[PDB]
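1. With the input below, show me the fold.
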Amino acid sequence: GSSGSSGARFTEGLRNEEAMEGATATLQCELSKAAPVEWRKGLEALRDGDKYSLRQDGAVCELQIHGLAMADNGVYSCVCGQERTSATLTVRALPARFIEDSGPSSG
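-> Residues are numbered from 1 along each chain as shown. The coordinates are given below.
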């Protein structure tokens, strides 16, 4: 056994985010010092695979959510260890295609 306690504080904290529906949300947050964190949506244990992309450089954390939708909307929480920060994701619905006349965008 060796003294290896871990504990970091969100010196930056998560900020409001905005993205379109179906897009790939991307959150950003920093910690008082390099340390492992954990993201949990709607009180759920998120994992790294295809739907979610977990990646960070040193301390700067960054979460990505592939496949945005109305359901996604809500509040995401990030528990680093000592404290936990939450944010709000605004997902905008995509428009529909209707009768129109347009071709070349060069004019």
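2. Stretch 52-72: how far from the chain's middle?
-> 4 Å (C-alpha atoms, centre = their mean, to the nearest Å).
3. Please identify the buried residues of that stretch?
-> 52, 56, 59, 61, 63, 65, 68, 72 (16 or more other C-beta atoms under 10 Å). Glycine gets a C-beta too; all of them are placed from N, C-alpha and C.
4. State the distance from the most centrally placed residue in the chain to residue 40.
-> For the chain, the residue nearest the mean C-alpha position is residue 27 (3.5 Å; C-alpha atoms, centre = their mean). Distance of residue 27 to residue 40, given as C-beta to C-beta, to the nearest Å: 13 Å.
5. picking up where we left off before, quick check, nearest of the buried residues of stretch 52-72 to residue 20?
-> residue 68 (6.9 Å; C-beta to C-beta).
6. Which residues are in contact with the closest one?
-> 19-25, 91 (C-beta atoms under 8 Å, 6 or more residues apart in numbering).
7. ok, longest strand in this structure?
-> If you go by DSSP state E, the chain has its longest strand at strand 84-92.
8. who touches it?
-> 10, 13-21, 25, 27, 29, 65, 68-70, 72-78.
9. if you set the cut-off to 6 Å instead, what comes out?
-> The contact list for strand 84-92 (C-beta atoms under 6 Å, 6 or more residues apart in numbering) reads 10, 13-14, 16-18, 20-21, 25, 68, 72-73, 75-78.
10. In a markdown table: the buried residues of stretch 52-72, plus secondary structure and distance to residue 4.
-> Shown next, in a markdown table, are the buried residues of stretch 52-72 (DSSP: H, G, I helix; E, B strand; the rest coil; distance: C-beta to C-beta, whole Å):
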| residue | secondary structure | distance to residue 4 |
| --- | --- | --- |
| 52 | strand | 28 |
| 56 | strand | 20 |
| 59 | coil | 18 |
| 61 | strand | 21 |
| 63 | strand | 26 |
| 65 | strand | 32 |
| 68 | coil | 38 |
| 72 | coil | 37 |
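11. which one of the residues you listed sits closest to residue 1?
-> Nearest to residue 1 among the buried residues of stretch 52-72: residue 59, at 26.5 Å, using C-beta to C-beta.
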